[PDB]
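Shown next, in structure tokens, is the structure this report addresses.
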Amino acid sequence: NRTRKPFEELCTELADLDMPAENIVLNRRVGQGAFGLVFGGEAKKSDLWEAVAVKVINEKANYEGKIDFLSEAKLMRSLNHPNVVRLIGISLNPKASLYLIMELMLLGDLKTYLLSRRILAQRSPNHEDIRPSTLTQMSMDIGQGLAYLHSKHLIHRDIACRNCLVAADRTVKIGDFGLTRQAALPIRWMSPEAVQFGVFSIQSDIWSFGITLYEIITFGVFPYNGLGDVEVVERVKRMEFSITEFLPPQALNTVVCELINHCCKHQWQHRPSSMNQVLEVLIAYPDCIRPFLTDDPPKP
Ligand SMILES: Nc1ncnc2c1ncn2[C@@H]1O[C@H](COP(=O)(O)OP(=O)(O)O)[C@@H](O)[C@H]1O
């Protein structure tokens with residue numbers, strides 16, 4: 001064998017993180033993740049219990065899949081930040097599958113969050129969940145969490161409202177690192193220098209961050225809604241219609257419209273050199289993130 005040894009040498013380094021299956025119990029079906037279902041329950045860190053969600057993949061798939069499964073956890077262990085989801089352990093060979101244990105975010109992801117609290121914005125626009133005081137702090141938490149990733153020479157390459165989870169504290173954190181690589185497909189969240197060229201940088205992550213901001217101020221619309229995935233690879237290269245054109249007419253004079261337009265510029269020499277240029281903006285204008293909606297909900 002030549003691919004069945006990679007698994008058993010990898011778990012040697014991740015051996016201090018193994019937990020017996022008698023310390024993990026499954027209660028809920030939290031959601032349908034990318035590769036398998038995620039379950040919700042409680043895990044005991046040999047001392048006390050904590051509410052936890054688990055990513056699970058059965059032991060029937062190829063070893064090629066199990067290596068990527070454990071590589072997500074190995075990368076996740078190198079992180080510690082109040083705006084990044086932190087794992088607490090793994091579990092090797094429990095009965096039918098392999099377990100990935102990561103803390104529970106009570107209020108789910110951000111896209112389903114906004115999609116469910118849409119009419120609440122049209123009827124109660126000053127609510128503790130969805131007011132510019134909270135939306136700006138949320139986008140700010142995502143920003144400094146991505147700045148923490150970039151600080152330690154990491155590129156996420158997949159910034160969207162699907163990979164940002166919110167907890168009962170209503171603080172948001174970075175969620176999915178399935179596509180995260182080292183420092184030097186979601187095409188709608190990718191700058192053109194990363195689409196036709198396959199090169200990723202901090203500026204490509206800033207492009208996806210600006211797309212996330214458009215996704216937030218619209219409460220979850222599908223970027224470039226109405227254009228197929230084949231029409232967008234040709235339209236974004238020749239600088240026609242930045243994402244700002246897809247906004248309601250209530251924008252195009254605001255501070256958030258310009259911001260996502262500077263974060264999403266074809267000339268990456270004009271894009272911010274670091275996430276801290278964007279973060280320092282979110283302090284001079286603390287009510288920039290506003291809900292800009294229509295009377296017709298978005299159609300996925
Ligand atoms: N720790 C968690 N807390 C709450 N929900 C989660 C958690 N982990 C995963 N999920 C749910 O499972 C899916 C995320 O799994 P993943 O494969 O990481 O997909 P994504 O690309 O959305 O991050 C989402 O639907 C999300 O709502």
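Within each chain, counting starts at residue 1; across the structure tokens, chains are named A, B, ... in the order shown, with ligands numbered 1 upward in that order.
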Quiz item: Among region 30-61 of chain A, which residues carry a DSSP assignment of strand (DSSP E), reported as a ChimeraX atom specification?
Solution: /A:30-32,37-44,49-58
Give me a file of those residues, with N, CA, C and O atoms, as a CSV table (one decimal), in the first residue's frame.
```csv
chain,number,residue,atom,x,y,z
A,30,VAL,N,-27.4,19.3,13.2
A,30,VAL,CA,-27.3,20.7,13.1
A,30,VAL,C,-27.4,21.3,11.7
A,30,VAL,O,-28.1,22.3,11.5
A,31,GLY,N,-26.8,20.6,10.7
A,31,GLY,CA,-26.9,21.0,9.4
A,31,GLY,C,-26.3,20.0,8.4
A,31,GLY,O,-25.7,19.0,8.9
A,32,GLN,N,-26.5,20.2,7.2
A,32,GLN,CA,-25.9,19.4,6.1
A,32,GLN,C,-24.7,20.1,5.5
A,32,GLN,O,-24.8,21.0,4.7
A,37,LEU,N,-22.9,15.1,7.2
A,37,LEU,CA,-23.7,15.9,8.1
A,37,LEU,C,-22.9,16.3,9.4
A,37,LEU,O,-21.9,15.6,9.7
A,38,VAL,N,-23.3,17.4,10.0
A,38,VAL,CA,-22.8,17.8,11.2
A,38,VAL,C,-23.8,17.6,12.3
A,38,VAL,O,-25.0,17.9,12.1
A,39,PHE,N,-23.4,17.1,13.4
A,39,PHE,CA,-24.3,16.8,14.5
A,39,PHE,C,-24.0,17.7,15.7
A,39,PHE,O,-22.9,18.2,15.9
A,40,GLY,N,-25.0,17.8,16.6
A,40,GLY,CA,-24.9,18.7,17.8
A,40,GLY,C,-25.0,17.9,19.0
A,40,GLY,O,-25.9,17.0,19.1
A,41,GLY,N,-24.2,18.2,20.0
A,41,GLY,CA,-24.2,17.5,21.3
A,41,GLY,C,-23.3,18.0,22.3
A,41,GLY,O,-23.0,19.2,22.4
A,42,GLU,N,-22.8,17.1,23.2
A,42,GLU,CA,-21.9,17.5,24.3
A,42,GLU,C,-20.7,16.6,24.3
A,42,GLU,O,-20.8,15.4,24.1
A,43,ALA,N,-19.5,17.2,24.6
A,43,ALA,CA,-18.3,16.5,24.7
A,43,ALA,C,-17.6,16.8,26.0
A,43,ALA,O,-17.6,18.0,26.4
A,44,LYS,N,-17.0,15.8,26.6
A,44,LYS,CA,-16.3,16.0,27.9
A,44,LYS,C,-14.8,16.0,27.7
A,44,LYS,O,-14.2,15.1,27.2
A,49,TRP,N,-18.4,18.9,30.7
A,49,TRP,CA,-19.1,18.8,29.4
A,49,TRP,C,-19.2,20.2,28.8
A,49,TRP,O,-19.3,21.2,29.5
A,50,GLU,N,-19.2,20.2,27.4
A,50,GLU,CA,-19.4,21.4,26.7
A,50,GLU,C,-20.3,21.1,25.5
A,50,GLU,O,-20.1,20.1,24.8
A,51,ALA,N,-21.2,22.1,25.1
A,51,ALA,CA,-22.0,21.9,23.9
A,51,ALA,C,-21.1,22.0,22.7
A,51,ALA,O,-20.4,23.0,22.5
A,52,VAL,N,-21.2,21.1,21.8
A,52,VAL,CA,-20.3,20.9,20.7
A,52,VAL,C,-21.1,20.4,19.4
A,52,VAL,O,-22.1,19.7,19.5
A,53,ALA,N,-20.6,20.8,18.3
A,53,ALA,CA,-21.0,20.3,17.0
A,53,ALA,C,-19.9,19.4,16.4
A,53,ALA,O,-18.7,19.7,16.6
A,54,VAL,N,-20.2,18.4,15.6
A,54,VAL,CA,-19.2,17.5,15.1
A,54,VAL,C,-19.4,17.3,13.6
A,54,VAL,O,-20.5,17.1,13.1
A,55,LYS,N,-18.3,17.3,12.9
A,55,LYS,CA,-18.2,16.9,11.5
A,55,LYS,C,-17.8,15.5,11.4
A,55,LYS,O,-16.8,15.1,12.0
A,56,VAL,N,-18.6,14.7,10.7
A,56,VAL,CA,-18.4,13.2,10.6
A,56,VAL,C,-18.3,12.7,9.2
A,56,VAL,O,-19.0,13.2,8.3
A,57,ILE,N,-17.3,11.8,9.0
A,57,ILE,CA,-17.2,11.1,7.7
A,57,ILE,C,-17.0,9.7,8.0
A,57,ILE,O,-16.2,9.3,8.9
A,58,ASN,N,-17.7,8.8,7.3
A,58,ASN,CA,-17.6,7.4,7.5
A,58,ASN,C,-16.3,6.8,7.1
A,58,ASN,O,-15.6,7.4,6.2
```
Self-check item: Neighbour list for residue 153 (chain A) as a list in words, cut-off 9 Å, only C-alpha atoms, skip fewer than 3 positions in-chain
Solution: residues 149, 150, 182, 183 and 184 of chain A
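Among the candidate residues A:108, A:168, A:71, A:83, the one lying nearest to residue 29 (chain A) is A:108, with distances computed using only C-alpha atoms.
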Quiz item: Please, which residues have at least one atom within 9 Å of an atom of ligand 1, using only C-alpha atoms and all ligand atoms, listed as a PyMOL selection string?
Solution: chain A and resi 30-40+52-55+85+87+101-112+158+160-167+174-178
Quiz prompt | Near-residue 17 (chain A) list (6 Å; only C-alpha atoms; drop same-chain fewer than 2 positions) as JSON, numbers by chain | solution = {"A": [14, 15, 89, 90]}
Export N, CA and C atoms of the chosen residues as a JSON list (two decimals), in the first residue's frame?
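As a result, selection-v2.json now contains:
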```json
[["chain", "number", "residue", "atom", "x", "y", "z"],
["A", 14, "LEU", "N", -1.26, 13.92, 15.73],
["A", 14, "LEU", "CA", -2.55, 14.29, 16.32],
["A", 14, "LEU", "C", -3.05, 13.25, 17.31],
["A", 15, "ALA", "N", -2.14, 12.67, 18.09],
["A", 15, "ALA", "CA", -2.51, 11.66, 19.08],
["A", 15, "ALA", "C", -2.89, 12.27, 20.42],
["A", 89, "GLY", "N", -10.78, 18.85, 20.00],
["A", 89, "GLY", "CA", -10.25, 17.50, 19.94],
["A", 89, "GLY", "C", -10.78, 16.77, 18.73],
["A", 90, "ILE", "N", -10.37, 15.50, 18.63],
["A", 90, "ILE", "CA", -10.83, 14.58, 17.60],
["A", 90, "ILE", "C", -11.07, 13.21, 18.24]]
```
Could you list, with a cut-off of 9 Å and counting only C-alpha atoms, the residues of region 94-180 of chain A near region 270-286 of chain A, each shown with its nearest atom pair and the distance in Å rounded to one decimal, rows sorted by chain and ascending number, as a tab-separated table?
```
residue	atom	partner	partner_atom	distance
A:132	CA	A:286	CA	7.8
A:133	CA	A:286	CA	7.1
A:136	CA	A:286	CA	6.4
A:137	CA	A:286	CA	8.2
A:139	CA	A:282	CA	8.7
A:140	CA	A:279	CA	6.6
A:143	CA	A:279	CA	6.5
A:144	CA	A:279	CA	7.1
A:146	CA	A:275	CA	7.6
A:147	CA	A:275	CA	5.5
A:150	CA	A:275	CA	8.1
```
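If you measure from each of A:228, A:198, A:210, A:249 to residue 289 (chain A) using only C-alpha atoms, the closest one turns out to be A:210.
For residue 235 (chain A), the non-local neighbours within 12 Å, defined as residues at least 3 positions apart in the same chain or in other chains and counting only C-alpha atoms, are residues 188, 191, 192, 195, 224, 227, 228, 229, 230, 231, 232, 238, 239, 240, 241, 242, 243 and 266 of chain A.
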Exercise. Might you pull out every residue within 12 Å of residue 68 (chain A), with only C-alpha atoms counted and same-chain residues fewer than 4 positions away left off, and present them as a PyMOL selection string?
Key: chain A and resi 6-7+10+35+57+61-64+72-75+100+177-180
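Take CA of residue 204 (chain A) and CA of residue 135 (chain A): the distance between them is 23.0 Å.
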Exercise. Per DSSP on the backbone, filter region 244-282 of chain A down to the residues in helix (DSSP H, G or I) and report them as a list in words.
Key: residues 244, 245, 246, 255, 256, 257, 258, 259, 260, 261, 262, 263, 275, 276, 277, 278, 279, 281 and 282 of chain A
